[PDB]
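The next block holds one structure in the form of structure tokens; read it before the comments.
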Protein chains: 2
Amino acid sequence: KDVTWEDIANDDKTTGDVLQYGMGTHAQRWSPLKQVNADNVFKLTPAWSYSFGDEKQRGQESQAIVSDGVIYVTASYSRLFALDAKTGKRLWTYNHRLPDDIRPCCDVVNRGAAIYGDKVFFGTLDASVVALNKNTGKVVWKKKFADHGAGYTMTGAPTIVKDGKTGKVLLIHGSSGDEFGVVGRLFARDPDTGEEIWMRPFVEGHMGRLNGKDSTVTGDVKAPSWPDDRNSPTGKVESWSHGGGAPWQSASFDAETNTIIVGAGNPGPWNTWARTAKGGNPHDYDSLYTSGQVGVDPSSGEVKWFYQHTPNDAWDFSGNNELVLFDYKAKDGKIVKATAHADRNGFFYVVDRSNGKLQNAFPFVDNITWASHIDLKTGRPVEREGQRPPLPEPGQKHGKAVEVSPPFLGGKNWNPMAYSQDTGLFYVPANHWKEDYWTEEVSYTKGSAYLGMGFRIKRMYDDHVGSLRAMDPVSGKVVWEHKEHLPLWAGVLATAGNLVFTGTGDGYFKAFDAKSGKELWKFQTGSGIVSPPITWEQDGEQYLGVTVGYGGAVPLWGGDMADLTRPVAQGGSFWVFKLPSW
Amino acid sequence: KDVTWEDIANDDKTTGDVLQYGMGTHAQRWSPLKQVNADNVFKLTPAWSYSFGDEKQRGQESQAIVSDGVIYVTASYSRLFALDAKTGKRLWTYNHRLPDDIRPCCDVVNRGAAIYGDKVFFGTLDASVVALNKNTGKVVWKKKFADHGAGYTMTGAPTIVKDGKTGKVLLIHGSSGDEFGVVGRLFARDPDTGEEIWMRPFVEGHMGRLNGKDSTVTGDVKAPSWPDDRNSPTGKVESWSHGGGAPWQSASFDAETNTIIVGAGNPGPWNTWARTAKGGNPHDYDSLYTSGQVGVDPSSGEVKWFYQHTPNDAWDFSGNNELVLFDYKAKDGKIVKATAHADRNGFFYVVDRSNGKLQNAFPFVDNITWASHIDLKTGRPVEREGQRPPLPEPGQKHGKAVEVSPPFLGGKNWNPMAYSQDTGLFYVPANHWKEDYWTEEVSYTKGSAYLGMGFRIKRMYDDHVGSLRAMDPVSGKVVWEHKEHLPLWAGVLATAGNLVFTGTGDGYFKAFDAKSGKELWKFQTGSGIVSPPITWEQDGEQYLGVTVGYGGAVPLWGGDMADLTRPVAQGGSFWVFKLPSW
Ligand SMILES: O=C(O)c1cc(C(=O)O)c2c(n1)C(=O)C(=O)c1cc(C(=O)O)[nH]c1-2
Ligand SMILES: O=C(O)c1cc(C(=O)O)c2c(n1)C(=O)C(=O)c1cc(C(=O)O)[nH]c1-2
Ligand SMILES: [Ca+2]
Ligand SMILES: [Ca+2]
Ligand SMILES: [Ca+2]
Ligand SMILES: [Ca+2]
């Protein structure tokens, strides 16, 4: 029974393995383990550490995968290490040869692998997907799906899913490069051959694929949501061919409706005026299928439903953060099967997963300015006056700067949130900060960044940046807050030991009490932590795993925040923690 | 009063700080701490780690030093780190700018800093000595003492001395470069200005310096132990200008007699025939002042005595391993104030530190092929029949191969031994291995290696390479042995808790019982360990620390042992360990 569909399907229930990004199909980041709890945490201790070496460091975002005592882990610069759960012995490794003309936007990171049958899977920075035998380090198949030289890569974990209609098992993966003016795409593949079953673009009017040849087209062909141009070949504006909406994070899956649930990324160029008719109003010129959660049909890759989070993303509020399936108990009576999401744009969304109908929406980060709230009968944010920054005055190649919050780095970025089955709360790794944003000149050039805006990131408050927050999904309340001097960039994990775990920027692994927020335990690993920890049972013992090594976007795009973070050291390791055997 | 001569001189007794390489002027690597002992050692646990980062890894050989609350540690590629001893937080860093064309022979490593007054001191890879303010890392002075382009470097810890006659405090340091054809030199400098007080060459007939002016000649001017050459401009064979005997490790210091006791390295080239008269006998052409232990006068830099380990070192048995100072209770009767040494050539020596006379010699490794024993009245090896390899028969471009053991890597390399004041034993980090050796052509070419020989290192035994042995210095017996699969390439620490500590090439920091040799405790750190561990007490707690990050000579010169070692991960980091509070 070596990695079957039901092992995957049951994966949030079985404490002795971890088979995918999220610790379940619902991506709840929850575990029923209680060996480690709030009265004995004070004793947690490192069991062993593995260093990735090779003189290759930079950000380490990977969530590890454990199956039958082998941790499968990914490292920067497209590597995969297979390790003995109990000792930290190395079993095998794979190194991808990386061309010299790669261009990932926000550091050479990788977020995980998937296991199915006897194979291990992961995406690579030159835009490929590789399959390896879980026992050997032997490559079984490789497919390169896009031109890296034009801006594509892959940084996110792939997932496995089963079509409840056709019976087939699929490998689901996304793509990356909104910043480079790429057309984002979603894909399905055959696990044993890596052959393209289906391909689906997420900018409105683009041509999708099915069993090898073209199929249908995403929405209307005329593409009413993007501005027309009766001079260019397409009739549409240039941005239309460089639109964006790339799903650079991972899917989530619901067996009960036979639906894939995935986020779409920000549209291209950043500038709202490249995607609005001259003269014109950026209010209903939505850049259809960008910066929202998309419901997808497993059998054909056609769009089932869609709930957009920033109708005309002027700010790069990339709206593809993760979707956790929970049971929403309205506010009195009706349990609703829902999606939950803590977006880049500062608000928390409760969406009906049966059809993408908004149920509750509210802020999770303090002083928001681009929007006052989300108008519930309409599903649309109610913006503020100067928040789409104005075009330059005649003669100026830069326009007037406006103070926005949150900044493009967001209220929360990809690092992921956990759901607690016992307390009902979502534990969100958020940040408090803002920026100056201003318009510049916009034009597309293959292999170049395609923003069209200028920016600077800066503090919001004097005493802190990172904000661990316990949010109640029905009332929209902050049950508790833990504050930190550096930003927060690690995932969170919740357990039936009444514990919350995460890592910080200055290198500690920490444990928090899940009802009150009190700091109970920390350990200094030696580099800032930017990944999601996991936990598991092994031959009767509770284990914790965290990947260590600072990186990601802050160092390269953070502004003041790059400066704060200059003294954090680089690293590259995996660490396993547990209770002393003696 | 911050770090005075009296702090340094009582350095072996003060459990509170660590001020120099060897944890005392006698280099014993002995601690009277007993908090951690043979009955409670199984609870020892990591306290914190620090990552060196910079994407700069390779071999990490440093001995940390401690005082007030701060750890000063050295890293690969010339870098110095000051760390808070309780927390591991970084206080300051100093990165030396290195040129692109340095040429260390045996990896980019450093063995430690020294300390005196308000200053820290260390050698750099472009052959310089640097002085840093202790409280911050600003540079006070820095002296480039030789040319790196011609092959000089520095890798060994400097040390601090007080000349008893003159009252003056000196900074003592050596040089490195025997494989490139250099004149090995020892230097004494003023601690506050960096100013050369004296310079002594360890090749016979070369000129010294005293107060910036030429002083005296080492030994006889005519250098009779080096072959003559009418028709040469110097009067001597070419190799006398490139003769070696560099003091690449560190001094020991005896205040009772006022003597600086150090090792001199191997002669250059390895080829015995370039240091023998055409058609003469390698015997008595000695290659004076190479591969032995030297007693030197701190006042003038002059040689007081010399004991040769290998007289015409044909094997690169670099004869400068550490010298420990101890009291030798003869065999029966006498207490001799002695030197203790475990040579690269595989013989342990015991010598009288007042006059350089041989008291005893026996083998600490098992299958020595180059010499039968050491003749106790003569002081000389009794060499075997064809163990200096023969020249190429006329027309050949390499001579025939002979099997030698130990090989140039040694029975013991630099990785120092330790002594137990309780048990009376030496704990040596030895290895069993051997090689095929043969002759090639020899020619000097500035900035390029000067061997004149071919070689191939090979295992001796199928079940183990590394051999951790407890040696009795009065009878010559191996009282206990512990065996390891990979080479042994770290230092040893000995304590009053009945314990000896060391690190292995597969990444374990280990504890053994000192009286019987049993492994009691082990922790997996992530990469191979190649540094000497220390210990110190702070706020009633006993800390252990160790530098981690595999490297050194094996992965480059090791041959079959370069391939055994291939899958051991690089790293770079410091680790501190302690007993659990509860
Ligand atoms: O739209 C994109 O196509 C794209 C890709 C990624 C990435 O692939 O990691 C980043 C982003 N977006 C992005 O906006 C960004 O702020 C972000 C930060 C991180 C990071 O790993 O810390 N990844 C990315
Ligand atoms: O003769 C020299 O001048 C020289 C220096 C060093 C060095 O400086 O590290 C090595 C050697 N010798 C040496 O023989 C060699 O065996 C060696 C091993 C190592 C080590 O760090 O791994 N260095 C040295
Ligand atoms: Ca599971
Ligand atoms: Ca983006
Ligand atoms: Ca001391
Ligand atoms: Ca040498």
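Any read-out appearing in this document is the output of simple, stated calculations on the displayed coordinates, not a laboratory observation. When we count neighbours, we look across all protein chains shown, and the Cβ atoms used for this are built from the backbone with ideal geometry, even at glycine.
Overview of values
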quantity: Trypsin sites (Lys or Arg not before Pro) within region B:309-399: DSSP coil, no more than 14 neighbouring Cβ in 10 Å; calculated: B:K331, B:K334, B:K377, B:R384, B:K397
quantity: Residues of region A:336-356 with amide N under 17 Å of the 7 Å Cα→Cβ point at A:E256; calculated: A:336-341, A:350-356
quantity: Residues with amide H under 5 Å from that of B:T259, placed H, sequence gap 5 or more; calculated: B:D254
quantity: Separation in nanometres of the label points that stand 7 Å from Cα toward Cβ, at B:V139 and B:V221; calculated: 4.1 nm
quantity: Residues whose placed amide H lies under 5 Å from that of A:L425, excluding near-sequence neighbours; calculated: A:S420
quantity: Expected-Rg normalisation [2.2 N^0.38 Å, Cα atoms] applied to the protein assembly as shown; calculated: 1.06
quantity: Per DSSP, loop GluC sites (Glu not before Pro) in region B:1-65 with at most 15 further Cβ within 10 Å; calculated: B:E55
quantity: Distance from region B:1-58 to region B:204-239 (C-alpha centre basis), Å; calculated: 42 Å
quantity: Highest-first arrangement of A:199-205, A:244-250, where packing means the average Cβ count within 10 Å; calculated: A:244-250, A:199-205
quantity: Considering only chain A, percent of DSSP beta bridges that pair antiparallel, nearest 5; calculated: 95 percent
quantity: Of B:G505, A:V554, A:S49, farthest towards positive along the dipole that unit charges on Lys, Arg, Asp, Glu beta carbons give the protein assembly as shown; calculated: A:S49
quantity: Calculated FRET value between A:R384 and A:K337, using beta carbons and R₀ = 41 Å, to 0.05; calculated: 0.75
quantity: Radius of gyration, Dmax [region A:173-330; alpha carbons; angstrom]; calculated: 15.6, 53
quantity: Two-site label geometry, A:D352 and B:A330: point separation in nm, points 7 Å out along Cα→Cβ; calculated: 10.3 nm
quantity: Sorted by Cβ density within 10 Å, fewest first, the residues B:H26, A:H283; calculated: A:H283, B:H26
quantity: Spin-label pair B:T45/A:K483, simplified geometry with 7 Å Cα→Cβ offset, distance in nm; calculated: 3.1 nm
quantity: Alpha-carbon Debye profile of region A:335-385, log10 I(q)/I(0) at 0.15 Å⁻¹; calculated: -0.40
quantity: Cα pair distances exceeding 31 angstrom across chain A, given as percent; calculated: 44 percent
quantity: Nearest-first distances (nm) between copies at B:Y444, label 7 Å from Cα via Cβ; calculated: 6.8
quantity: Across A:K337/A:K377; A:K334/A:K515; A:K56/A:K515; A:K412/A:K578, pairs whose alpha-carbon gap is larger than 31 Å; calculated: A:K56/A:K515
quantity: Label point at A:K89 placed 7 Å out along Cα→Cβ; residues across region B:548-582 whose backbone nitrogen lies under 17 Å; calculated: B:565-569
quantity: Percentage relative contact order, region B:131-171, counting C-alpha pairs under 8 Å, at least six apart; calculated: 21 percent
quantity: Per-residue ³J(HN,Hα) for region B:239-246, Karplus 6.51 cos²θ - 1.76 cosθ + 1.60, θ = phi - 60°, Hz, x for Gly and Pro; calculated: 5, 5, 7, 10, x, x, x, 5
quantity: Average beta-carbon neighbours from other chains, 10 Å sphere, peptide B:524-530; calculated: 5
quantity: Relative contact order (%) - criterion: Cα under 8 Å, at least six apart; region: chain B; calculated: 14 percent
quantity: Shortest-first distances to equivalent copies, position B:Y461, nm, label 7 Å out along Cβ; calculated: 6.3
quantity: Copies compared at A:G395 - label distances in nm, ascending, label defined 7 Å from Cα in the Cβ direction; calculated: 9.2
quantity: Across B:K162/B:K357; B:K86/B:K168; A:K119/A:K143; B:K43/B:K134; B:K13/B:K144; A:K162/A:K357, pairs whose alpha-carbon gap is larger than 23 Å; calculated: B:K162/B:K357; B:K86/B:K168; B:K43/B:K134; B:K13/B:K144; A:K162/A:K357
quantity: Inter-part distance where region A:412-467 and region B:376-419 are each reduced to a Cα centre, Å; calculated: 65 Å
